[PDB]
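Notes to accompany the following structure.
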RNA sequence: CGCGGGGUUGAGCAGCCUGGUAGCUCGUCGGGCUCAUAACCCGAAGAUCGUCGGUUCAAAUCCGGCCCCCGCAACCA
RNA sequence: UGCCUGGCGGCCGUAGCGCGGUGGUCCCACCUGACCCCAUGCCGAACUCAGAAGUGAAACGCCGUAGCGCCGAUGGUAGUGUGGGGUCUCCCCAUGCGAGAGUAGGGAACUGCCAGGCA
RNA sequence: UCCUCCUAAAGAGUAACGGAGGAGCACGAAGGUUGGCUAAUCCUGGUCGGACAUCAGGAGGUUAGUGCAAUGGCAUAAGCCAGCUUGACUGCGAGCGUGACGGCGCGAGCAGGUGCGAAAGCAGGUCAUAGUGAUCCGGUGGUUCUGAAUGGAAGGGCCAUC
RNA sequence: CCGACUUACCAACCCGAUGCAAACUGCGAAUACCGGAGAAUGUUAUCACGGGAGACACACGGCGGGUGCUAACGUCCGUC
Ligand SMILES: *C(=O)[C@H](CCSC)NC=O
Ligand SMILES: [Mg+2]
Ligand SMILES: [Mg+2]
Ligand SMILES: [Mg+2]
Ligand SMILES: [Mg+2]
Ligand SMILES: [Mg+2]
Ligand SMILES: [Mg+2]
Ligand SMILES: [Mg+2]
Ligand SMILES: [Mg+2]
Ligand SMILES: [Mg+2]
Ligand SMILES: [Mg+2]
Ligand SMILES: [Mg+2]
Ligand SMILES: [Mg+2]
Ligand SMILES: [Mg+2]
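Chains as they are written, first to last, in the UniProt record's numbering: chain A, 4 to 53; chain B, 11 to 85; chain C, 2 to 178; chain D, 1 to 66; chain E, 1 to 136; chain F, 2 to 117; chain G, 229 to 303.
Here it is as structure tokens:
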């Protein structure tokens, strides 16, 4: 509805992304969560893009 | 204005007392937590008590508030 | 403090002889003094609550706690969480000092002095009192003041009887009737 | 206390117009002189002298010059 | 008439009517009209029988009505096919079992309460009887 | 009340230790003494008991009931348990904050040879 | 949205004014022939023997579909 | 009570189109003009936005209930 | 061995409330102070630290009392499985199971592992 | 189409144009962990302040609360605050529950890398059950898996996703 | 102003007694159901896999019930 989809692209250099939904009215800035990257097998930072 | 209902959820005790259950088998499918998890049983996010080690189910009443507890004998 | 040592020196003996006690720790004693102001309206002027807290902090040198609405009562257009008043609880040295410097100079400054009522009791030996204005304390100097905000003072003691609560504050030279 | 969030509290010597030296602590920092405190307050005569206005009988009689 | 001023739900199941009753003793007054039959009893027959009770004594004595309808009874209108919903609430009945003491009065002579009950027993659809207070 | 509001503060971790089946080192702290005891997994019978109220640790200490006193009783249970064959326990908090003389009890016991 | 109008300042003024005014007139026409259609749909579509005469217009209101109008940011 | 509509100052109507602003025409009241009424010019008045509720920082506007009025429908053999 | 106190349980109102009394050598609580280890949406009130001057008032423990809470028969009543019957929108007979409420009454716990003080 | 209660006859299931209410979401905290906390409602005393705002004492005991309807729950709190954080992880998964099938649900434990905590430990989203649609066709990213003589490439496949 | 007085009138919370409920429960059966042990009996009556089907318009009667008017050889469920 109002909460639409974004993807958290990996900042470990590879092509990997988790998918989540974010309320774009209240939060206008990106998401920054440390999430597991299985290609490199370590916890890197995961910025959002689309 | 009426005539709506939901599919039955098939709750209730699955393995009654005295039944020799294997490991990981569901014992009670619950909605709240009417039966509390005792010894060698768990409690999922759905509140479904499941055997955590094979044996014989045991229903018992204990605790300050006369709660219903489910245990397992290591047999 | 001064009033604390006055108490422990002579009021203990006075009350012991007046109530035929047998242990020192049985005499009623003051336990805390809580002074609060319910500013009523802060929804209109959110800063007036800040100014009221500043007034209370000037009156008693402790930063007040801002007490917020408990239930969303519909009469006065408030909801849960709205800041409604400010409160200070004083214990020990600060309690005794404020008690002394109230009863000595702040009380006589009320216009048309009468003497505080003797029936202002909750029934368990704890006293309550209003002031109707705060200028009577020496801590307001007619500069930032815009309202005539007052205080509400509750002296809570370990007295277990209304009569004992009467006598405890009477023995301290309270301006009674 | 909680590390300098309260107004400054120090000992001051506030005296009355009738002498009345007291050693107190207050958050003013400047000495204060004021009216009579309860140490010498007219709390027993300030009320007995308050009733002075009233009664035109004696005013009529003092006007009885004729 | 009689009616629950408020009800949690608009319509109620037909249900059944079995077993004996619980209000079997005269507890407020001194003479009572104990039911002997069975069957639901409307709220128009409560008032049409109380009016005969209050008219025979003509002022004398309190009377107690120890029964209350609190049971809605629906009724499909005329010339309407079956189904397509439940009916419309029309009246309220008090399910009466044998033994249920219906009315009781007090302060009047026995021979006059017998005649007032007999006048009010003829407006009811169930067999009734006369019962006096006991010591238990 | 302070003891009802503290036993309530302890019932959470007490029961988790029971369902994990763990022998627990339970502490009780008093403004005058400090007690410690190792308790069997069933929670009913004790194994090792040592406290500053004991006349074997009372005179060695200048004062019973400070961080120094707690440190001494810490070594008392740890050595006592090791002679009894118990190496793994769980520190039961009893609602007291792990901050003061309670902490000095665990630190002395942990370092002295006990493992938790 | 940025939409490029060739020309000059006056050219943009006249172009924007003319286009917005024609849009707010297309809207009027669509509103009129939707309201008239909906009048017929409300009159019919419940008649017992003429019910199926509102369904050739119920589907035609579904084909006019006035275009989205967004509030001008001038104010 | 099955489907739509509206209740706003004394009368008839905008304002509800995406919450902050109660308005227009006639009418009522007080002056002026006139020999006097009308017309005309000046000034002001009055309304709980049908009534009770809910999100709302605010409501009339958004939502819900209740009443009043105004239109359609309650089929064929 | 006996009594009292502290900790951890078993058991969970026959075990909990209310009223009267009682205990400070040990233990427990209150208590003195607080720059500091720590803390308060403010307040050493709570959490926490250093120690013992006083009390047993408050709390707590213990004892006694039925005013409540609580437990609760026997007999009867209701219901009901199977087989029969009736004037069959409700019941009865044979037989097996047999409540709920209420009545007489019971009743202000019992017990285990350690560690102290005095026996 | 999905969820909750009753009819439903004390395991599960069970129909009608039977009786009553909801859903087509919300949340980078309203998730994780650690530490702490305990309500409604009336009685007395006080400046405005009154039946009801804030304060103090007592009675009460969860009659409060839960982002959202109902039921089942919850004090060890699943209810209320505060610090740090991203387990709202990747690959698997003994064993079960419920489905005619498509499928849906619960899950101890193992391997890799984190978070909170002194530690034992808890964490694979939220107190639980609603918040959702198969296949075809096509889009974007990664990947020598294939590449119609051979080297490439288009195009297929595979993984994530619209 | 104060409420100065008066009420034949209404009246919540509580206390004692008497009732009612499918969507009430501080209580609570008979049956039914799940699991275990044991005899007697029953041409395996049980399970699994495989070849072939038919059937998915049911009706009445007893018991428990919705709807109906506790009307219908009425209508919709559970069990025999
Ligand atoms: C309509 O139903 C009537 C029936 C009679 S025909 C035998 N007439 C039709 O035309
Ligand atoms: Mg069932
Ligand atoms: Mg059944
Ligand atoms: Mg939550
Ligand atoms: Mg916690
Ligand atoms: Mg939580
Ligand atoms: Mg939820
Ligand atoms: Mg090639
Ligand atoms: Mg390719
Ligand atoms: Mg078919
Ligand atoms: Mg069929
Ligand atoms: Mg059939
Ligand atoms: Mg038939
Ligand atoms: Mg048929």
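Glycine included, each C-beta is placed from N, C-alpha and C at the ideal position.
| task | Consult DSSP for residue 19 of chain D and reduce its assignment to one of helix, strand or coil. | result | strand
| field | residue 46 of chain C - DSSP class collapsed to helix/strand/coil | value | DSSP places residue 46 of chain C in coil when its eight states are reduced to three.
| field | residue 131 of chain E beta carbon less than 9 Å from that of residue 34 of chain E | value | yes
| For residue 1 of chain C, which option in C:101, C:156, C:83, C:88 has the closest C-alpha, if you only look at C-alpha atoms? | An answer regarding residue 1 of chain C cannot be provided, because it is not within the stretch 2 to 178 covered by chain C.
| C-alpha distance - residue 26 of chain A paired with residue 9 of chain A, whole-angstrom precision | Residue 26 of chain A and residue 9 of chain A have their C-alpha atoms roughly 10 Å apart.
| query | Between which two residues does the alpha helix (DSSP H) carrying residue 6 of chain A extend? | reply | Residue 6 of chain A -> not in any alpha helix (DSSP H); beta strand (DSSP E) instead, spanning 6 to 12.
| query | Since residue 19 of chain D meets chain C, which of its residues come closer than 8 Å, beta carbon to beta carbon? | reply | Simply none; closest approach about 14 Å.
| query | Since residue 38 of chain A contacts residue 12 of chain A with CB under 8 Å, what's their CB separation in whole angstroms? | reply | At roughly 11 Å, the Cβ-Cβ gap does not stay under 8 Å, so residue 38 of chain A and residue 12 of chain A are not in contact.
| message | So with CB distances below 9 Å, who are the chain D contacts of residue 104 of chain C? | response | 38
| Short check: CB of residue 159 of chain C to CB of residue 128 of chain C, under 9 Å? | no
| query | Exposed or buried, residue 40 of chain D, counting other C-beta atoms within 10 Å across all chains shown (16 or more means buried)? | reply | In this structure residue 40 of chain D is exposed. Its beta-carbon is surrounded by fewer than 16 other beta-carbon atoms within 10 angstroms.
| Between the region 1 to 18 of chain D and chain C, which residues of the former have a C-beta closer than 9 Å to a C-beta of the latter? | 1, 2, 5, 6, 7, 8, 9, 14, 16
| query | Residues of chain C with a CB under 7 Å from the CB of residue 27 of chain D: which are they? | reply | 59, 62, 140
| query | Among residues of its own chain, excluding the 5 on either side of residue 24 of chain B, which ones have a beta-carbon nearer than 7 Å to its beta-carbon? | reply | 36, 37, 38, 39
| Does the Cβ-Cβ distance between residue 107 of chain F and residue 80 of chain F come in under 9 Å? | Against a cut-off of 9 Å, the Cβ pair of residue 80 of chain F and residue 107 of chain F comes out as no contact.
| message | Classify residue 31 of chain A: buried if its beta carbon has 16 or more other beta carbons within 10 angstroms, exposed otherwise. | response | When all chains shown are included, residue 31 of chain A counts as exposed.
| field | Cross-strand partners of residue 34 of chain C (DSSP beta bridge) | value | C:91, C:156
| request: Provide the residue span of the beta strand (DSSP E) that contains residue 36 of chain A, from first to last. | output: 35 to 40
| message | List, in chain order, every chain D residue whose beta-carbon is nearer than 8 Å to that of residue 98 of chain C. | response | 24, 25
| request: In the DSSP assignment, find the unbroken beta strand (DSSP E) run with residue 248 of chain G in it and report its ends. | output: It is not in any beta strand (DSSP E) - residue 248 of chain G instead sits in the alpha helix (DSSP H) that spans 237 to 271.
| request: Just the C-alpha distance for residue 90 of chain C and residue 33 of chain C, rounded to the nearest angstrom, thanks. | output: 7 Å
| Three-state secondary structure assigned by DSSP to residue 303 of chain G | Reduced to three states, the DSSP call for residue 303 of chain G is coil.
| Is the shortest distance between the beta-carbon of residue 115 of chain C and the beta-carbons of chain D less than 9 Å? | Yes, its Cβ sits closer than 9 Å to a Cβ of chain D.
| So, residue 95 of chain E versus residue 41 of chain E, is the Cβ gap smaller than 9 Å? | Yes, Cβ-Cβ distance for residue 95 of chain E and residue 41 of chain E is below 9 Å.
| Residues of chain D with a CB under 7 Å from the CB of residue 108 of chain C: which are they? | 38
| Does the region 105 to 118 of chain C come close enough to the region 16 to 26 of chain C to have 3 or more Cβ pairs within less than 8 Å? | No: fewer than three Cβ pairs fall under 8 Å.
| field | Rounded Cβ spacing between residue 24 of chain F and residue 41 of chain F (contact assumed at less than 8 Å) | value | 6 Å
| query | When the Cα of residue 99 of chain E is compared with those of E:58, E:129, E:44, E:10, which residue comes out closest? | reply | E:129
| So, are the CB atoms of residue 135 of chain C and residue 51 of chain C less than 9 Å apart? | Contact check for residue 135 of chain C against residue 51 of chain C fails: the beta carbons are separated by 9 Å or more.
| query | Three-state secondary structure (DSSP) at residue 23 of chain A? | reply | Three-state DSSP puts residue 23 of chain A in a strand.
| message | For residue 165 of chain C, report the span of its alpha helix (DSSP H) as first-last. | response | 163 to 171
| task | Have a look at residue 93 of chain F and residue 61 of chain F and give me their C-alpha separation to the nearest angstrom. | result | 26 Å
| request: Tell me, to the nearest whole angstrom, how far the beta carbon of residue 2 of chain E is from that of residue 43 of chain E; I am working on the premise that it is less than 8 Å. | output: 5 Å
| query | For residue 176 of chain C, which residues in chain D fall below 8 Å Cβ to Cβ? | reply | 38, 43
| Can you tell which of C:121, C:31, C:142 has its C-alpha closest to the C-alpha of residue 5 of chain C? | C:31
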